[PDB]
Structures are given as structure tokens and as C-alpha cells.
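Note that we place each Cβ from the backbone using ideal geometry, even for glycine, and neighbour counts take in every protein chain shown. Values quoted throughout were computed directly from the atomic coordinates according to the rules given, and no laboratory measurement underlies them.
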Amino acid sequence: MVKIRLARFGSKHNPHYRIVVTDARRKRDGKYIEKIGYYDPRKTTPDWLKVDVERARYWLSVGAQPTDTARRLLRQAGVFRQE
Amino acid sequence: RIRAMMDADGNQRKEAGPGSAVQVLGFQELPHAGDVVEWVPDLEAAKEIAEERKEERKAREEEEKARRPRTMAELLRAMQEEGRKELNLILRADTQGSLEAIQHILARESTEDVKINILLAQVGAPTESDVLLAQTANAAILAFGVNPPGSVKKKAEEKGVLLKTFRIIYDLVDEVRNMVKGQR
Amino acid sequence: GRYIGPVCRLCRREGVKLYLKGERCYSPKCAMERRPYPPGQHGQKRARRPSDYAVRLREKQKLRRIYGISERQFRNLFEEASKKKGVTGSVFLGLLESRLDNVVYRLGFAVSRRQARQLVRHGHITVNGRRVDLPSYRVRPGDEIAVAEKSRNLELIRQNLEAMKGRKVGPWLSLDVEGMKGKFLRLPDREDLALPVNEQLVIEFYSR
Amino acid sequence: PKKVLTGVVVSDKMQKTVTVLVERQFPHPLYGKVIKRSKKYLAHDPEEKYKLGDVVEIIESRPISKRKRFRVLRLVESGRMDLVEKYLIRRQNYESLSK
Amino acid sequence: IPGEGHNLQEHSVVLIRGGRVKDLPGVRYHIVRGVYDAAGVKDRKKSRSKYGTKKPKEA
Amino acid sequence: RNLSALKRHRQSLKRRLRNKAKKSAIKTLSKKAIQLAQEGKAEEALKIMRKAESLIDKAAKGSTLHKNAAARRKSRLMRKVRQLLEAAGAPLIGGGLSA
RNA sequence: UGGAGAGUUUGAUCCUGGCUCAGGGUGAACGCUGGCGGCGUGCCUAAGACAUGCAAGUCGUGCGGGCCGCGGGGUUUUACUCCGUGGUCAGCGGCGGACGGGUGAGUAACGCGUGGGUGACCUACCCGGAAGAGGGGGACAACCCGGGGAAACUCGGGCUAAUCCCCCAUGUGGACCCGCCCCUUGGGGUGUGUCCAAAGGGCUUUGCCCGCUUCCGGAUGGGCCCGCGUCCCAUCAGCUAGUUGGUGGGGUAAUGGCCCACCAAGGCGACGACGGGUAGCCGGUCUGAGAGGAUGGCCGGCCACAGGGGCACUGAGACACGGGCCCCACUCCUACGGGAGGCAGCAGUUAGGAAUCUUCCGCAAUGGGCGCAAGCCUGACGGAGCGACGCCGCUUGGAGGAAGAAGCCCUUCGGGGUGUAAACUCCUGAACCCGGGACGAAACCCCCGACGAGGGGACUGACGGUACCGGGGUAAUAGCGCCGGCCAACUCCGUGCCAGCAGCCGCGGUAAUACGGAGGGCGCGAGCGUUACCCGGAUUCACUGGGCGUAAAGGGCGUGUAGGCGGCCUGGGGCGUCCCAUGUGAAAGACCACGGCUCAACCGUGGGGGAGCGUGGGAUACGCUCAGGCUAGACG
Ligand SMILES: [Zn+2]
């Protein structure tokens, strides 16, 4: 299936995560469909995490089933919140 | 570093106290028989100690070696022109505590006109390098307790070098007694 | 690692004053004045005509010594300069200057470049809040260096300040002599620095 | 957009099959000069409606045989057999230089 | 064999450098001194690295 | 040695057997239908064909033929039967045929 | 935004021209030397053998069963029993084991790269919607007994559940033949006829949750086919017999010579087939002014193989790395009849070999799988260990301080050198010890809100007591190469065509700026040099940008085929060619900008560029092509 998931890049002890859309059976670094956002765990930057919302929503609609952490991140950003 | 310890009963041992025979795996080189095993705080220190030991031994060995072809005018000539022909042999045993014994036994067995020579004596399996060496030197490969590897054996067979495999020391000794010959 | 070892020998080798001690390298003592010739035996000998390569090499060495850096680092800096657009020599020089130690030296925080570097290393030098201990720190313009909180009451620093009390600073620099502060303002151009080095020669040397 | 090609019917020697010479003029990746370079394609003609010496439009298609992956779209112009003749001559020459 | 007098035996274990010699016919290889059975050149003090001899103990 | 994936193999064996039962029987039925069609028995033949079709569908439903393969098979059978019927018969029961 | 040459055939010159060298780099290695820290990275050899440990399972919210445990009895006890249970243990049943991880032998091929196509197709799980889920039957493990067999294991009889299987009913639908319609290859719609559905558990149970069955729509994942690009050898010239096409059928999810029957006799080839060798391919990397040239390590994709070969089974997906069967090879036991194996998973063992790490800790983060969930699993991964194997960062002090100690070295005997170097004064304070001490980890979980959004709660650390901060606190490893010209830097002693050096010219046969040492210098520096390969210089394969009277080089000429190439004018077409637009050209890198780790490496964010390739439009000068004419070429 298709998942919204976090791809580790970066350095040892300096992790960086790509909030990304990809197939379930892939390398956690692998050929992903689209880069929707990015997240730094270490909170080192002011704009530490950011995801484009509309694209994410579209993906969800299509049926992109997110990872739990990813979902949390999305919620934090303001994707799942509706009015 | 200690990888595995295994008693004579045939059981895996994680912990071994004072006074039990353990099959200790984890030494980078094959240590000598009756060598005192010692504990170290770290690895670097151990390495340093080893280096120091090597320095102590090796330098001395070198020195010992160096006081042999002293005169090269006449003495060298005497030592290059050899009357009694020598037979070369290269041994490979199963343990450190048998190879030495074998050597001791065959050092006596040298009174004949043909004088036996050990060029390479190590414990373990024969290989293609050994075969190559034999070819270079005209030497025999003798084995006690260790069977030859298939490839190695094949190589030995086809290239035309003396390959030997044994069960008893006595057998080996007997075999050696045939190698001096007589021509007449 | 540093050069480390005999200093004014290098100066002697070039034949132009290199100011690698500060004082004494100012007085009749840098060995430029007492003796002006290259070190070791054939220094006082007949000076032979040097090859085209050689002159350039000498110049490069002079430069490196003046800035007190490892060769690899220097090379890297040069490469970076080349990559960036402008005047590959002047820009390079500016970049070199931007090395924290050099800046410190300029601001009169320490009387010698090596000394400055040492000071920087030993947490005595602060760049906008944090004590920075690596002289390879490159400072981008409009930025504040200061003598550290707990190093403000040490004798050497005071002496340095006194020395630089009265005598003015470079146009790319400003220093608060009261509170042991020093802003690096402009990025130092070549025209500002009346250095004995010719960058062109260095560039040529590098080329092949 | 299926691959649509221009070429001449060089051989009708088989049932339902037309052989088509497609000549492509591409420049050399290094020397910058155009090479008039040909390739043979075996095309499906369900009627034998097309004949020796016809220039036709050949469409990339779902396969009908092992290297017969082309449908014949339409006939462009019929009777410029000169090219065909040239090809034949070339083929004949190819026979010559064996032994 | 580079070095002021070899140590090499008749069934000596060696390591080969390669890199020609302009004098010698059929010969394209240096023997690298300081390994296996080719021990370091005794009483070298300047160009030790090429000939594999250890640092001398100074007084 | 030894892993709990032997279970899977065992399962597959059983499934294989069931699949074989489904498939071989279906094939046999098809053959029978064809034979019936051969001479022109029609009504019984039609019934047999229908039965075969049903079996095929069942197989598809389970984990045997599946997908469009079953459909293809049906088409192959049915068309063949129809062709055979052209040599005497015509739809007597109504049955598998579209009349 | 970018391009250095030089030494050398000679008595000297000019060239032609090879060789050699500086430059940079490597998955390197070796030698000497060796403080740390960050980060990257480490069998390039035998795809040789492999131990040991682990590397893939999980669901009791699918189901029966054994072993135990409890709460309570029925049970005097003992049973047996009943549930709630707590775990286990194995079985069935399902989902995953086709992902992840490795290696690069083969394969020079639609294998890949690339741009399309698929009216010739699949897609379990995911989401979107639609419609359902009515009844009845059955076997099979486990289990019990009974054997056979040394073991591996295994056959026989019986029992039993279930989301296992079957059968009937319904039909939203779909499946198929036939017809019709619209399309245009098998796409969509419809009619008659035939065929096809399913299955349940969970509770806060009259209510929802998870699952279910059929379908269409999507989503991703592919399968298959084609356009072009894809190493050397012409001393490999003809290759082909399912081979090239057809008709029919089989087989496939689907086309097709994939396979078979039958008919036809083709098909490919010098625009390089077939054959041999070589080689995974690329995104890239290294180099280079660029064009190119070499390479494909790590990282990312794709392929291919899991001792060699062959083949199926099960499923959404394998011809299946830690499944199966079979033959062979080999290792391992055998009660000689037979089985067990497979590290190209991590670690490790050997063996080859110049050479390559730890039988490490962890599920904490991310991701995987299963699961309602907790949670279980995870040698993916996160990290730590070792190696100066790369790259970067810092230390080995700083400030004084002789018209110049000693030591050593030369000297023309005055002196010079080492050298402000040292000693010595002053100052700082890596190491080091204490004191603290992380970011990374806020969620899934619970409760309130409807199990939605939203609100609060709590736990959760391998790294690691590490990084890092606060206090203290020692002056605290310098080595290697070279020093005749290239080429930076020179003297003396010793040696006497010897010993030696050398990459090249060549140095050495008694005053050697080339050998050994010493001083002195110079280059770099925790490194430096040697070796090996690659590029560069090498415009020494020349497209940019070489030449061929005499240097290497014009075939001995003729005619002539392919091929290549082409006069002038006018008009079209618009293939090349240009352009505009768009789509692609993934990410990582490379480039620019900013930002994080005290800097830098490293990394992150954003941006631009980017040959090429498709699609749509345009342009017609120049090729190409068609048409018409001309007379300068050519022919008569
Ligand atoms: Zn000075």
C-alpha cells in the first residue's frame, strides 16, 4: 500500500526526516513518490518542521495511510484539523 | 576478545571459573603451548604489551642470526661447497604439542649421509602456497592429525609434490626413514 | 597542526620583515635588521638567480607563514575563493583574514598571530555570546568578537589593549577598548592591506 | 502517441507480412554530421493490400509475432521503387564479399 | 634488491615493489625491504622509509 | 535448522491438491462437452457446458483460476461449442449460448 | 570564470617524434613515524569452504487441543467438570514470509538508461463509493491408539472445531458466448440466454468496532512491447530450422514462435549479423579549460543469482536468499538401508591474498511485518568498537630573551652556521580530576469530546554519565621525503665504474652541489614518501584540434557497387535545423543562496541550472524531398 512516512537522512546524532509519500515495501531511504515535507527532531532551526498541507490532504484522499509519527507531525502542522 | 568457551563434555560455556578446560575462541594468532594467559584492562594496552614482547624477542633473534656468516672469504666458500646433500621437509601438525615432539624425534634421525632440513614448520592445514613453496625448494609436505583440503590435495597430486597424511607419529617417522635413500 | 618551532628564521628566509612575534619583530631583534640574509651556512653566500616557479613558491610560502596556517587548509581556502566570483586574489585574501585568529590579531587582542590563535583556542575569545576555540572560524561581515567574560581580567589582554590604546585599527574593523569588544565590520579588501605578498604570483603557482 | 514512422515496403515474400525500410537521419553524437541510417521493420498487413515499392505510415503497435510489432496505418505514396532497388542492390553486394 | 647488502636466503619470503631498473635486463621489480624475510638495511639513517628500517635510538 | 514456515508449505500442499481437483475436473468436463458437440447431441451437451462454466466460475471465486483467466477459459469453451453446433444442433435448452 | 610545462636522439640546430616527470585522485596497499576529536568508510582477491549465535514472524479480538497456574464451586478426597482467567506449548486458520539485507559470477541483452505505449493487462493490503452478508452440509490437523524406521521422520484407524472446504438461495453487480449501437485492434453501453457471492468474532451487545463477499473508481506497485543511446576484436563473414511469417489451438493476468500441429520459405547481415573475449547497467564519481576519457566503491534505482543446473507448487506478487522437489558436486552423521546441510544477512572461522573491522549493545528514534490493542518480532536500522583508510578540526605552546652559551658543524682561523632556537623570566592551560548534565521523545496509550477534529494526562534512552557546560589543573608526541636538471633546497667527511642511487637524462674508475653519513636547508606535517591503477600533461587517435614530397604515413593503377557528397533560379512540403511553450529529465551529489553541528568536513532547507526525450504551435535561410525551369559542371 501507499504510506505517508518519514525518511531518515542526515548524519549520526544529527538526524533529519523527510515527511514523504511512498510505497510500504521500500527502503526507508528509497525511491519515494513525493516530498511533501521535512522535520528536524533536534528542533535546531526556527522553521524546524514544515509540510505542504494541500498535497498531504490530496494524498490522504487518494488513500495514503500515514505512519503514526508522521500522522502526529501532520496534526501538529495543521493538516488533519478541519473547520 | 573471548568469543566462545566450550568444555571437553561438548557444552557451550558463557562463564568459566578457576580450573576448567575451555575451548577459547578469539585469538588473532595461534599461541604457543604452555603460554601463560593474562588479563588486560583494555585492548590498546594488550597490543602495546605484545609489541614490547615482539621487540624483546625479535631483536635478540636477529642478533643471534647475524653472528653466523662471519668470514666470507674462506668460511663462506667452505659453507657454500656442500659435500653431504640435504633433504628438505615442511611439516604441518594438528597441535603445538606434537609438532615439537616430531621435530625432536627427527633431529636424532639425521646420522645418515643425507641430512634432513626443516624450512617451514607451522600448525594447521596445508594450502596451495605450501605447494608452491615445495615446488620452489623440492620439499615434502607431511601432516599429523590434520587431513588435507580437497582442492589443496588435488593441487598436490597434479603439480608433482610430495603430499603426506598420517594417523601416528611412528608412521611419520617410518616414512621419513625412507626419504634419505642410498642410490647404491 | 601548526608550523611550531623557530619563527624569525622563516622571515630571514624570505628577506622581508614578516612580524611573526609582534614585539622584537618590531624592535632591532626580528633578525631582519641585525642580519638580513637567509638562514644556515649559505645564507650569507652569493644569492643565485631563482626560477619562475621558485619566486612564486617563495611568495606563497611568505603568505602562508604570515597567516600561520597548514598548507592543506590554505589550498582549500584558495579553492573556495576560486569557486566564488569576483577577484580570486583579493577575495582569497579577505577570506584568509576572516580567520578568527587573524581578526583577533588585527583588533589588538593579542600582539602576535600565533598568540592570537592560542588565545582563541583557550576559550578566551567569544564571538557573539559563545566562546569560540577554533581559529579556522570564518567570520561573515558585521559581526562581534569580544574578550571572554572570564578572560577580561588577565594581564596579557590588558597589556595588548594598552598597546592598541591610542594607535588606530583597520577600516574594516572597530574596537571597544573600554569593554574589550571588537566588531568586524566590512570584509577586508586588498587595498586596505599593504601586505608585502603578491597574490597574482600565488594564484599562478596554484594554477597547474 | 504511438511511434509513427515513414518508410518503404521492401519485401512481400511472406503471408500477411510487409517488410518496411525506415530510414532515420540522426546526427553523430560526436562528429556532428547527419547519418542517413536505416532499419528494417516487419509490419502487419491483414489483406496483403500493400505491395513491393510503396511508401507507408507505420505505427508502433501491440505485437502479432516475434519482432512484428507494427501496424500499417496508411499508404503515403506508391511507386518510388528506386529506394527498394537500391536496397536490393546493397543486399546483393553483401553476398559478394564473403569468400 | 635495493639496500647496502641484502639478507636474503634461498627460500626467502619476499614482497615485490615493481618499478623498473634502467641498467638491468629482464628486471622490472624492486623488492621492498622491511617485510617478511627481507629485513631492514642496517645503518641507514636518512632514507629509511624506502628500505624499511626503524628509527635509530638517539643519545 | 528448523523454522515455523514448514506450516506454509503444508498449507500450500493442501491448497495444491484442492486446486488440482478443481482444475483437472474442469478440464475433463470441457473435454466431455467438446466431445458431445462433435456429433450434434446439443441439449445434453449444452447442459454439460453449463456445468463446466459453473465449475470454472466456482474455481475463479476460490483460489484456483481467479481473475479473468476463468472468463477467458469460458469464452474459449463456449465459442468452440457454438462452432461445433454449426455442424447440426441449434440451442435446444437455451443454456450457455446467447440466444 | 577557464587551458603554465620541462628533461631527453645532436659537436651544436630545427623539427618530427616516442619515453619520462611534475597535477589531482583512489573502496588502495607498503615503509617509517604516530596525540586526539568530528565525520564518512573498510574482502576491489576464490561467486572458495563454512562452525557457533542470531538475521522472519505474528495474531487467543479466527478455532479446537495439551501442560501447567489461580478465583469458586459442583466435587468428602481424588478425579472429572464448568467458566472467568494468567502464561505457555504445538497444531489448524489467516496475513506476512516475493519487503527489507547481500553479492556482481553470469547476462553486450529491451539487461539497463531513456521517451512513450498497453483497445493486450494484473494490483492482496490502502482509500472512495455502491450493494450485500439467507440457510444447510462436510472433511482435516492437533488429539488418542496402532505400527514401520538407528535417526530423519513417517504411514494406518478414529475423533473434533473454525474466518477451512463445499452446496443451495438471492444479483447491486460482474463473467461469457451471440446480436445491436457508439467507438476504433480485445474501449464503452445494452438485450436474450447460462454462470458466480460471502464469515465471523469483539465488547461499554440493541449498539458500535475489526473483519468479510462482489463490483466499479482511484492509488501505488509492476508485467509486457516499441523509438533511440549502450565495450573491444573483420586475424569472427556469412548466420538461422521453431528459424521468419501464417491459420488453428494451447498456455498466460495479457500480446507474442511462449509452446504445439499444419501451410509457406523466409528472416537477419559489412548502417556489422553470427562468433570470441570482455562487462551488471545507470543516477553518478574521478579527471579535464572544455569537448572528451576512465570508472560504476559507498549512497539511490533497476536487473540478475542465491553450491551448480533444472523445474514447478502456493499466492495479489516468486519460478521464491534463511520454502519445495530432483540430479550432480561437496561437507556432516549412519545400526550402510538413509538423511542432514548452504553465511553472495550481521559478526566471526579459515583459505586465497599486499590488503579489509566487533562471534558488540539496543528497539530508544525512523522504517518493516503481524496485531483492535497493548505488544511481539527486527544483525533493516540506530549507535558504539577497531584501522591516520579517506576528508576535515585542534594540540604538540605563547610572550619575552646574546651583536650570540654549550653541543655539534664548517672555516680562508678572523669567523660563520645552527638561532630567539635553547636555557631562563612571565603568561595561558590539551590532557587530567571533580560537579552537573542533555537535544534527539512525542507520540501510539488512557480519559473528556461521537472511537472525528480538538483538550489534558502519563510513561518510554542503546548512544551514555557521552556530547556539552561550571570549577579546578600539567608546558604537555615530531615525523617523513628530498636537496645535479626537471624541482624548492648545499656544504664537508667517507667511499673510488666498488659499495650504491635512479623516474628520466644518467651519476659513481680519488676534491662526487647526484652514493653512505653528518651538519645546513627546503617541502609538507600527524603525517610524508614508495608501489598499483585512472585521468591529466598527450592537439601521442587530434570532433573542438594532427598529419601523409624527404620524418611513421597515399593503396601500383583503372573501371565501378554500396555508401558519402553536390551548380543556379522559382514554388511547395517542413524530415533534419532553429525557436516558443509545456511535460519529463526522481532524490542524493555537482553549482548558488541561507541555516544547523563552537568552525570546517558533514548535513539540512530553498533555488537555479541541466544535455537529452516526448507533445503542441511557429520559422523557412540552410541541408532533405517533390514539382517546374535554367546553362556556367558533365555528356553528345
Ligand atoms: Zn621576526
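Can you find, among F:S30, F:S54, F:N68, the residue sitting farthest towards the positive end of the charge dipole of chain F, where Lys and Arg contribute +1 and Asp and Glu -1 at Cβ?
F:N68
Going by the alpha-carbon gyration tensor, a ≥ b ≥ c the square roots of its eigenvalues, is region B:26-184 rounded (a/c under 1.5) or, if a/c is not under 1.5, prolate (a/b greater than b/c) versus oblate?
Details: a/c = 2.00, a/b = 1.23, b/c = 1.63.
The shape class here is oblate.
Which shape class, rounded, prolate or oblate, goes with chain C when its Cα gyration tensor gives a ≥ b ≥ c as root eigenvalues, a/c under 1.5 marks rounded, and past that a/b bigger than b/c marks prolate? Each step should come with its number before you reach the end.
Values: a/c = 2.10, a/b = 1.35, b/c = 1.55.
Oblate, since a/c reaches 1.5 and b/c is not below a/b.
Classify region C:97-184: rounded, prolate or oblate, from the alpha-carbon gyration tensor (a ≥ b ≥ c, eigenvalue square roots; a/c under 1.5 rounded; otherwise prolate if a/b is larger than b/c)? List each step's numbers first, then the result.
Details: a/c = 1.35, a/b = 1.08, b/c = 1.25.
Rounded, since a/c falls under 1.5.
Looking at the P(r) of region D:30-85, how many percent of alpha-carbon pairs lie beyond 15 Å? Please list the in-between numbers first.
Working: 889 of 1540 pairs.
Of the Cα pairs, 58 percent sit more than 15 Å apart.
Taking the radius of gyration and the Kirkwood hydrodynamic radius from Cα positions alone, what is the Rg/Rh ratio for region D:2-99, to two decimal places?
Working: Rg = 14.5 Å, Rh = 14.4 Å.
Expressed as Rg/Rh, it is 1.01.
For chain F, state which trypsin sites (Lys or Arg not before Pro) are in a DSSP loop and have at most 14 other beta carbons lying within 10 Å of their beta carbon.
Values: sites: F:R1, F:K7, F:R8, F:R10, F:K14, F:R15, F:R16, F:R18, F:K20, F:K22, F:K23, F:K27, F:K31, F:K32, F:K41, F:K47, F:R50, F:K51, F:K58, F:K61, F:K67, F:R72, F:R73, F:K74, F:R76, F:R79, F:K80, F:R82; in loops: F:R1, F:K41, F:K67.
Hits after loop and neighbour filter: F:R1, F:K67.
Between Rg and the Kirkwood Rh of the protein assembly as shown, both from Cα atoms, what is the Rg to Rh ratio?
Working: Rg = 45.2 Å, Rh = 40.3 Å.
Ratio value, two decimals: 1.12.
Among B:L89, C:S82, D:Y94, flag the residue with its Cα farthest along the positive direction of the charge dipole of the protein assembly as shown, charges on Cβ as +1 for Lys/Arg and -1 for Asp/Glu.
The residue sitting most towards the positive pole is D:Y94.
By per-residue mean of other Cβ atoms within 10 Å, what is the highest-first order of B:37-50, C:179-192? Intermediate results must be reported in sequence, preceding the final value.
Details: B:37-50: 9.7, C:179-192: 17.1.
Descending packing order for the listed peptides: C:179-192, B:37-50.
Mind giving me the nanometre distance, one decimal, between the label points for C:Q41 and A:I33, set 7 Å out from Cα along Cα→Cβ?
A separation of 7.8 nm, rounded to one decimal place.
What are the ³J(HN,Hα) values, in whole Hz, obtained from phi via the Karplus relation 6.51 cos²θ - 1.76 cosθ + 1.60 with θ = phi - 60°, for each residue of region F:85-99 in sequence order, with x given for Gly and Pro?
Taking θ as phi minus 60°, the curve returns 4, 3, 7, 6, x, 6, x, 8, 8, x, x, x, 6, 8, 9 Hz for region F:85-99.
Extending each Cα 7 Å along its Cβ direction at B:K85 and D:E60, get the distance between those two points in nm, one decimal.
Output for this residue pair reads 8.0 nm.
Could you compute the FRET efficiency for C:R138 and C:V169, with r as their C-beta to C-beta distance and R0 at 30 Å, rounded to 0.05? Present the calculation step by step, with values, prior to reporting the outcome.
Working: r = 20 Å, r/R0 = 0.66.
Here the calculated transfer efficiency is 0.90.
Compute the relative contact order of chain A as a whole-number percentage, counting only Cα pairs closer than 8 Å that sit 6 or more residues apart in sequence.
Values: 139 pairs, mean separation 23.7, N = 83.
With pairs under 8 Å counted, the relative contact order is 29 percent.
Taking every DSSP beta bridge with both residues inside the protein assembly as shown, roughly what % is antiparallel (nearest 5)?
Values: 63 of 83 bridges.
Around 75 percent antiparallel, to the nearest 5.
At q = 0.13 Å⁻¹, what base-10 log of I(q)/I(0) does the Debye formula yield for chain A when every alpha carbon is treated as an equal point scatterer in vacuo?
Reported log10 I(q)/I(0), two decimals: -0.37.
Only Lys, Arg, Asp and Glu count, each charged at its Cβ (+1, +1, -1, -1), so figure out the dipole size of region C:115-172 about its Cα centre, rounded to 20 debye. All intermediate terms of the calculation are to be shown ahead of the outcome.
Values: 12 positive and 6 negative charges, 20 e Å.
Value, rounded to 20: 100 debye.
About its Cα centre, what dipole magnitude does chain A give when the only charges are +1 on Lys and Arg Cβ and -1 on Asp and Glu Cβ, stated in debye to the nearest 20? Walk me through the intermediate numbers first.
Working: 20 positive and 9 negative charges, 80 e Å.
So the magnitude is around 380 debye.
Run the Debye formula on the Cα coordinates of region C:22-121, all scatterers equal and no solvent, and tell me log10 I(q)/I(0) at q = 0.10, 0.16, 0.17, 0.18 1/Å.
-0.39, -0.91, -0.99, -1.05
Magnitude of the Cβ-charge dipole of region D:1-72, K/R +1 and D/E -1, about the Cα centre, nearest 20 debye? Walk me through the numbers on the way to the answer.
Details: 18 positive and 8 negative charges, 85 e Å.
For this selection, approximately 400 debye.
Sort out for me the Cα centre separation of region F:12-78 from region B:31-50, rounded to whole Å.
77
In whole percent, what relative contact order does chain B give with Cα contacts below 8 Å and a gap of six or more residues?
On the way: 203 pairs, mean separation 29.5, N = 184.
Here the relative contact order equals 16 percent.
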